[PDB]
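One chain comes next, on its own, written as C-alpha cells: the form deposited in one PDB entry.
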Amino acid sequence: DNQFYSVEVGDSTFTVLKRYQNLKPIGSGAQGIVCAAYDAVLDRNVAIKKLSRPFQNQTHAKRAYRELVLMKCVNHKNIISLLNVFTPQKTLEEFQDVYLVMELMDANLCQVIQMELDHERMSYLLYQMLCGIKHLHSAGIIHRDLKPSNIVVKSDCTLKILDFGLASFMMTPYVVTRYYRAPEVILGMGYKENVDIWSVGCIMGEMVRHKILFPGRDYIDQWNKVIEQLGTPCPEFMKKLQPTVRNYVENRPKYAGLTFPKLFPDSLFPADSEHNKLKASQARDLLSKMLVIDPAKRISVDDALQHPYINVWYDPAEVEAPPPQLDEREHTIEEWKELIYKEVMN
C-alpha cells in the first residue's frame, strides 16, 4: 500500500514512487546522484536525480531553489524540462530529499568530446548549445558556468543543457570544474550575454584537441594557460579590470599568443575532401571569434548562430522561443527548507 519503495544504488538510498522501476546508476555530479529507470506510467525511460537534504547549507539551498523554479518557468528543446517532482516524506518536519525526473538521455558531453566527430555532428551540437543559451538569455538567465558534465546528448545528436549556471564555501571533497569559465569570471569583471560564448569556445576547442584547453589547479594556473595561448590582452581590456586584479595581470609576462592554425592544426580536422577542407577553416574561424579574452570583441550568440559553420541548421522556429520574479536572498536552513518544500508541493 506504500506508494514508495527503496533501492540501494551504490551508496545512496533511492526511495522513489512505484511508477519508476529498474533503477540503474548513470551519472553523478555534485548536487546529487542520478539514476536511469523505467516509468511504468508514461511507458518510457526516465532519469531520476536525488537531492539529499538540499537545505543543509546556503550553497546547496540556493542552487536547489534556483533550478527548481526555473525548470517549471523555462521550456525549450535544448533546455531540459521537468517530468515530475516528489519527496517520499509526507510533512515539512519530516522533509528530507527531493527527486527530479527528466527524460533519459544516452551520454554526457564528456563522453562525446572523447570521440572523433565529423563536421555535421560537431556543427549540430554547437548549434543546439547556442539555441538553448539564447533561450536562457531570452528569459533573462545568464549561465556563466557551462561545462560538458552538465550537458547531455542522445544517439540522434539531440542536445540538452542540464543546469542554469551561477547565482560559497563547499563542505565536500569533490572539487568544482572551472576550466570553462570566461576570463571576466576568472578575474571578476562583470559580464554580458556573451560570457557563455567563451565556455562554448573551450568546449569546441576540446572536441578538436581532445584535451582541456585551459587546465590548472586554481585560477593562477588557468589564466596562465589562457595568455600563453591566446596572448596578453590589449590595454583597453586592461583598464576594465579592478585596480587590484589589474596590477597582478599586468605584472604577468607578456605573450604574443599562438595563431589559431597553430593552436588547432589541420591534422586535428577532417581534411580529406574539399568540402571537409572548407569546414575546417570555418570551424577554426568560429574558434577565433569565440575564444577571445575581451568581451567587447567577442562574438555574440546571435552572430554565432548566423556563422557559416552553424547556420546550416538555421530554422526560425528552432532558434527562438517565447520569453516567460527574482528570488535572490539569504535565508536560514529552516527558512530554506520551507521555501524548497513548497516548490516541490507546487
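Just so we're on the same page, rigid core means the largest C-alpha set that superposes within 1.5 Å between forms. Counting begins at 1, following the sequence as shown.
Although it is not shown, the form deposited in another entry is what the next lines describe.
- Query: Hey, after the core superposition between this form and the one not shown, which of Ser281, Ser52, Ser300, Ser288 has the C-alpha moving 2 angstroms or more?
  - Reply: It is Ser52; the other listed residues stay below 2 Å.
- Message: How about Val98 - superposed on the rigid core, does its CA move between this form and the one not shown by 2 Å or more?
- Response: Passes the 2 Å threshold, so yes.
- Message: Using a rigid core superposition, assess whether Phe86 undergoes a CA shift of 2 Å or more between this form and the one not shown.
- Response: Passes the 2 Å threshold, so yes.
- Cα of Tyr38 displaced 2 Å or more between this form and the one not shown, core superposed? Indeed, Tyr38 is displaced by 2 Å or more.
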